[PDB]
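What follows is the residue order along each chain.
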Amino acid sequence: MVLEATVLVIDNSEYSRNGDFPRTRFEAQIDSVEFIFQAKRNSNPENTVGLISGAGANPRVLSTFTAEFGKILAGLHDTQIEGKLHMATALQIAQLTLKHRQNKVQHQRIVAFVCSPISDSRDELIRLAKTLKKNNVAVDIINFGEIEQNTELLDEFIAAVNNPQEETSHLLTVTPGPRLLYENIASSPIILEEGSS
Amino acid sequence: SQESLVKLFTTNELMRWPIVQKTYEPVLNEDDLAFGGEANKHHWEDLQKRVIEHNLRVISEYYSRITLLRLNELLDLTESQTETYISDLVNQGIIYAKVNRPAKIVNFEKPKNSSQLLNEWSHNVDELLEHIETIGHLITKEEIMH
Amino acid sequence: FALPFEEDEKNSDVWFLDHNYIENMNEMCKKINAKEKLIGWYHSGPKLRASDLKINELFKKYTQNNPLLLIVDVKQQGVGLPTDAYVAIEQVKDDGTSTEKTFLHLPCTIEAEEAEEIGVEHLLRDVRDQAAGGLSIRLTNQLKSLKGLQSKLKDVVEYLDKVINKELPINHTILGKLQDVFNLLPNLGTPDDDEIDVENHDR
Amino acid sequence: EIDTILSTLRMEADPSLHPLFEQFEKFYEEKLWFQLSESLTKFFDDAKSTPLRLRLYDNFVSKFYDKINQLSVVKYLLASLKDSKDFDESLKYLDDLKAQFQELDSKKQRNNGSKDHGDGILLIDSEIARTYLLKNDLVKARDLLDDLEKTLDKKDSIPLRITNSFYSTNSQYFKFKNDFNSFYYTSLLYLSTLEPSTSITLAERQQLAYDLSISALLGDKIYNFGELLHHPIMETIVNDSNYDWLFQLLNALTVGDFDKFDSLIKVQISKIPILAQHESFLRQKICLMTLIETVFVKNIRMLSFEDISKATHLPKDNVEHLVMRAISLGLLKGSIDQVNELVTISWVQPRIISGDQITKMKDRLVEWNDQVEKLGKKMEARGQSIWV
């Protein structure tokens, strides 16, 4: 989306250990994190992107808004790769990042990859959905990590956040096996996704 | 055999001479070039002096006062030989005692000095106040973490 | 120095911190003074929390030593302790307990730099009720000192009761210190106490 | 590929074990290696009584060592080489798995850009000493444990599992010498630092519990008999025949009864002949538990000889002896007065603290607080008119 700031979440997990894209899902995610960053810059050049960890109980800020690809790239290697995603904590820590920004003319976007299903209670994300859309924050969930064998708990959360205002949630369905992850991003909306009026 | 011997003498013990003698007579005394030679019979005799000096050192530290009548019994010596041994070891400046010739007591202590006692007391009071001051912080720490 | 920081009351595991701020402040401070380096973080307190251990981990990536978490009460509720200092250390805790990451108290005191001193002298123009002066100043102190200790002693009583009433976790460090409290009690009727009463007449 | 091996193990195994080998084929295939890592750990726990463990580990360790957890390759190895009755084999497969990880971090660290695989080297290393222990080469194992210890200190974070194995090994070393004291103190740390993950049996703790109890009784420096019971390991296991008479031996020592001790000991001198040759050390340990305990609970810090004589049921002669030995140990320290028939203490060595002693310590400080308060009321009355 044009005129948007985005907090990437790299999923650090033991389902990211598991290989379902080359070399493993972690090495797949380096390539897809580079993809989105540049695509979004071209479409609007004021766009600027941070990175935070999906690891442990606490997500840590690896990068703040920046348009050097090198600062975001560096954090992908540095972070510990074995962890667990915690969606609830992520939404809130991502939201703080979207608070503290160069100009709030931009849309508040969270793009969050899923390799590992939720490790938290369902209902907490339902309550948090209404707080997110209250400040006009949307959350894009890339799902290849809950359709392996998992039933999709993701869909109901996207329903709750979605409501046209200026920002609308999307659910990027990505096939679960090798095809290269970056390409799956590309075939899903990622330069034509938008918030609706 | 050597291992129990070294161990006995190093650590602080109370032990009696004919019972230690009975242990190491069929053991160490028959080992030649130590105790089984002829002029090493008088190195065996010497082993006793070293045992009764060990007991004197121990008893000096731990016992502040003890009757002389008692001290004789524990050492396995006659009255006369107890007094002379105390005396020799006080010349050589290691220990200190005051032995009565009526044989009421031996006061294994060097009579403590006024200043040092007071010094010792003033420090204990500072340790109580320091102890409470540190404790109060850790109470706060535990309650809140709970 | 301050840093950008947010504190959420809804969950204590959410706070904000700006990392880029810490990296940029380092560059600047080496130019003013290279004897200055990051040594840890102050926290306003007065309440120490467990989530603060996790903030601690962050600060362990700018300094080699364990970071110092300097609780400075700004609300001025304590009449003493305007500094309490703790350092996170990681140790196997006794009594079948796991490895716990915990904040242990380590001694602190205000002592002032010499360059600081000059201003401390300038701004203090008050008579100073405690300054250690004349006969007068120290008779006021001696009373103050008894009520100080007595209140400190009262916290120990309360604490002990809550261990076996309300089942507080036994923290055996406290209890160990208390064994020595009973072991450094003055005992009367020994020649030491008697010499002290002779010394009161000497003086 | 490896599917053919899995199938052959499955025909060979017991019907109850047949579901597990199928689970491994499906998880490898779907390429989901979190499931595969857990399912194997469950196998090596429960079907190492069957000797189809030996050919199963081989497939997983040697073809995956970066595609499964860093903990788990070492887990499958430790089970297989535990029931092993060849020491040559135990040693062997350790040198092999040690090679894989040293090799691996030359490439992997570079590409990946993260992850350290040196944690797992140290468990392997505990296990090399472990092999040496059983083979009766105790001396060799000691050196390798001291070289392990060094690495531990220069690590910023040391997970509990790593130091847990280290202490297990250290524990084994001490009980070969039969140094009760040195075993007891090492085993508490093992017990404390025990992992929240379950893959340890009830049975293992049980065996250990016998070992803890014995050391704790036939020691001479041990005045904590409920430090055993603040762990589940001896606490919850009291409900068998063997651990009834044993729990009772512990408890009699705790409250310092001589009457109850006499009844148990008499019987268990015959039964346990380890206990009979060490009967002398134990019999006096009771009197020493009463010495330290009685001066502690009382407010006076000097104790008469006659007090000890009635309590411990011994001549007045025997009492002095006991006192001299307490000074020697460091159980108590102070001065021994024979003439005035005192022992006036200057040190209490720190003890197990039970609810009853806290009650005492708390009470005594209430009096202290009242003492300060009354002196304070007096200090306010004199000098009310002038302070400054």
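- Its PDB header names cryo-EM as the technique used to obtain the model and reports a resolution of 5.4 Å.

## Some details on the interface of chain C and chain B
Here comes step 1: Each partner contributes residues to the interface: chain C has 33 residues there, and chain B has 23 residues.
Here comes step 2: Carbon and sulfur atoms supply 73% of the area that chain C and chain B bury against each other, a total of about 2,900 Å² over both sides.
Here comes step 3: Joining chain C to chain B, the criterion identifies two salt bridges.
Here comes step 4: In this structure, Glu133(B) and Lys152(C) form a salt bridge, with 3.2 Å as the shortest nitrogen-oxygen distance.
Here comes step 5: At the junction of chain C and chain B, the tally comes to six residue pairs in polar contact.

## Details of the side chain of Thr79(A)
Here comes step 1: Relative to the elements of secondary structure, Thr79(A) occurs in the loop between α2 (69-78) and α3 (87-97).
Here comes step 2: With near-sequence residues (within four places) excluded, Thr79(A) lies in contact with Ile10(A), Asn12(A), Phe26(A), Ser53(A), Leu62(A) and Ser114(D).

## Side note on the layout of surface pockets
Here comes step 1: Considered as a void within the structure, the second largest pocket measures approximately 1,800 Å³ in volume.
Here comes step 2: Lining the second largest pocket are 43 residues, with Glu133(B), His137(B), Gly80(C), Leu81(C) and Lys152(C) positioned closest to its centre.
Here comes step 3: Counting residues per element, the ones that place at least two in the lining of the second largest pocket are α6 (114-145) of chain B together with β5 (84-92) and α4 (135-165) of chain C.
Here comes step 4: Of the residues contributing to the lining of the second largest pocket, the split by class is 16 nonpolar, 15 polar and twelve charged.

## Section: the pattern of salt bridges
Here comes step 1: As enumerated under the stated definition, the model contains 41 salt bridges over all chains in all.
Here comes step 2: Across the pair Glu4(A) and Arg109(A) runs a salt bridge whose closest N-O atoms are separated by 3.1 Å. Separated by 105 residues along the polypeptide, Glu4(A) in strand β1 (residues 4-11) and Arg109(A) in strand β4 (residues 107-113) bring together distant segments of the chain. Taken as a pair, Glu4(A) and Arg109(A) share a single burial class, namely buried.
Here comes step 3: Here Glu380(D) makes a salt bridge to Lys147(C), at a shortest N to O gap of 3.2 Å. With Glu380(D) in helix α19 (residues 355-381) and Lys147(C) in helix α4, this pair bridges two chains.

## What to know about the sheet that holds strand β1 (residues 302-304) of chain D
Backbone-to-backbone hydrogen bonds join strands into a sheet, with any given pair of strands oriented parallel or antiparallel.
Here comes step 1: Read across the open sheet, the four strands follow the order β1(B)-β2(D)-β3(D)-β1(D); overall the sheet is mixed. Looking at strand neighbours, the two that pair on one side only are β1 (63-65) of chain B together with β1 of chain D, the edges of this open sheet. Ignoring which end each strand starts from, the neighbouring axes of this sheet average 25° apart.
Here comes step 2: Here β1(B) pairs with strand β2 (residues 332-337) of chain D via two bridges, running parallel. Bridging from a neighbouring strand, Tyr63(B) pairs with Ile336(D) of β2(D).
Here comes step 3: Contacting β1, β2 and β3 (342-348) of chain D, helix α17 (residues 305-312) of chain D runs over the sheet at an angle of about 65° to β1(D).

## Some points on a nonpolar patch on the surface
Here comes step 1: A contiguous nonpolar surface patch, about 240 Å² in accessible area, is contributed by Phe35(A), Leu180(A) and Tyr182(A).
Here comes step 2: Mapped onto the elements of the fold, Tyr182(A) is located in helix α6 (residues 181-187).

## Quick word on the packing of aromatic side chains
Describing an aromatic ring pair means giving the distance of the ring centres and the angle of the ring planes.
All names here are of chain D.
Here comes step 1: Under the definition given, this model contains 19 aromatic pairs over all chains.
Here comes step 2: Relative to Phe43, the ring of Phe24 has its centre 6.0 Å away and its plane inclined at 75°; by these criteria the two rings are edge-to-face. Taken together, the residues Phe24 in helix α2 (residues 18-30) and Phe43 in helix α3 (residues 33-46) connect sequence positions 19 residues apart. Assigned by exposure class, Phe24 and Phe43 land together as buried.
Here comes step 3: Centroid distance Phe24 to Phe60: 6.4 Å. Interplanar angle 65°. Geometry classified as edge-to-face. On the criterion of sequence distance, the pair formed by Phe24 in helix α2 and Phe60 in helix α4 (residues 54-63) is long-range, its members being 36 residues apart. Pair check on accessibility: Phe24 and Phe60 agree, each one buried.

## Some points on the interface of chain C and chain D
Here comes step 1: Tallying the contact residues gives 35 residues for chain C and 38 residues for chain D.
Here comes step 2: When residues of chain C are sorted by the area they lose upon contact with chain D, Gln179(C), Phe182(C) and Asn183(C) head the list and together hold 20% of the total.
Here comes step 3: Put simply, chain C and chain D have two salt bridges between them.
Here comes step 4: The partner of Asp161(C) in a salt bridge is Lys362(D), with the nearest N and O atoms 3.2 Å apart.
Here comes step 5: Our enumeration of links across chain C and chain D arrives at seven residue pairs in polar contact.
Here comes step 6: Only β5, α4 and α5 (172-181) of chain C provide two or more residues apiece to the side of chain C that touches chain D.
Here comes step 7: Of all the elements, α4(C) adds the most residues to the side of chain C that touches chain D, at 16 residues.
Here comes step 8: Looking at the side of chain C that touches chain D residue by residue, the class counts come to 15 nonpolar, twelve polar and eight charged.

Rules used throughout
- Sequence positions are given from 1 along each chain as written, possibly unlike the numbering in the entry, and residues without coordinates are left off.
- Throughout, the order in which chains and ligands are written sets their labels, letters from A for the former and numbers from 1 for the latter.
- What appears here is a fragment of a larger assembly, so each number quoted concerns just the fragment shown.
- Side-chain numbers come from the whole structure's heavy atoms, not from hydrogens or water.
- Residues are treated as being in contact if the distance between any of their heavy atoms lies within 4.5 Å.
- Take the accessible area each of two parts loses on contact, using a 1.4 Å probe, and add the two losses: that sum is the buried area.
- Basic side-chain nitrogens of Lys or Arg form a salt bridge, by our definition, when they fall within 4 Å of a carboxyl oxygen of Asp or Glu.
- Any pair of nitrogen or oxygen atoms within 3.5 Å is treated as a polar contact; in protein, a donor-acceptor pairing is required on top of that, and neighbouring residues in sequence qualify only through side-chain atoms on both sides.
- Secondary structure elements follow DSSP: runs of H or I of four or more residues count as helices, runs of E of two or more count as strands, with numbering from the N terminus.
- We place a 1 Å grid over just the protein atoms. Points where a 1.4 Å probe fits but has no way out form a cavity, open points with protein on both sides within 12 Å along at least 5 of 7 lines form a pocket, and any residue with an atom within 4 Å of a point lines it.
- Grid points are joined across faces, edges and corners, and a volume is the space filled by probe spheres set on the points.
- Amino acid classes used here: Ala, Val, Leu, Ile, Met, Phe, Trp, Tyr, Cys and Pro are nonpolar; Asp, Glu, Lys and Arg are charged; the rest, including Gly, are polar.
- Exposed residues in this analysis have more than 50% of their type's maximum accessible area, buried residues have under 20%, and partly exposed residues fall in between, with area computed by a 1.4 Å probe over protein chains only.
- Should DSSP find at least two bridges between two strands, the strands are taken to pair.
- All axes are obtained by fitting lines to C-alpha atoms, using only the stretch in contact for helices, and the reported angles, taken between N-to-C directions, cover 0 to 180 degrees.
- Patches in this entry comprise residues that are over 30% relatively accessible and not in a salt bridge; like charges within 9 Å are linked, as are nonpolar side chains (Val, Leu, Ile, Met, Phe, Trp, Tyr) within 5 Å.
- The Shrake-Rupley method, run with a 1.4 Å probe, gives the accessible areas here. Residue values count only the displayed protein chains as cover.
- When two rings of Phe, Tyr or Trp (its six-membered ring) have centres within 6.5 Å they constitute a pair, described as stacked for plane angles under 30 degrees, edge-to-face for angles over 60, and tilted for the intermediate range.

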